[PDB]
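Just so you know, all these numbers are worked out from the coordinates, no wet-lab data involved. Cβ placement follows ideal geometry from the backbone for every residue including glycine, while neighbour counts extend to all protein chains displayed.
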Amino acid sequence: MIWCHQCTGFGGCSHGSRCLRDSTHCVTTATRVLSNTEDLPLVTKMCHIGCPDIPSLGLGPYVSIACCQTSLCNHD
């Protein structure tokens, strides 16, 4: 278990939060949303025991997933 960013997005905000006792990795999903009118791309960050995939967060494709085995490895 480690600390990472669990922010919603709206450009790629930040928020150091404690991950799950089981989750020892961080995930970064940078993609658009279902909204037909947006000013910036959505960036949902979270933690997991590896590097899963959930393109359902948007329209499916055009989805990018960047995971890593490092605390708060979602920085810039």
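Applying Stokes-Einstein at 10 °C and 1.306 mPa s to the Kirkwood radius of the chain, computed over alpha-carbon pairs, gives a translational diffusion coefficient of 128 µm² s⁻¹. Here's the picture: charge each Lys and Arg Cβ at +1 and each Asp and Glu Cβ at -1 in the chain, and of 36, 62, 15 the one pushed furthest to the positive end of that dipole is 15. In this structure, the amide hydrogen of residue 74, modeled 1.01 Å from its nitrogen in the peptide plane, lies closer than 5 angstrom to those of 5, counting only residues at least 5 positions away or on a different chain. The charge dipole of the chain, taken about its Cα centre with unit charges on the Cβ atoms of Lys, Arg (+1), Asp and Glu (-1) only, comes to about 200 debye.
Close amide H pairs (under 5 Å, H built 1.01 Å from N) link residue 47 with 27, residues at least 5 positions away or on another chain. Extending 7 Å from the Cα toward the beta-carbon at both residue 39 and residue 3 defines two label points whose distance is 3.1 nm.
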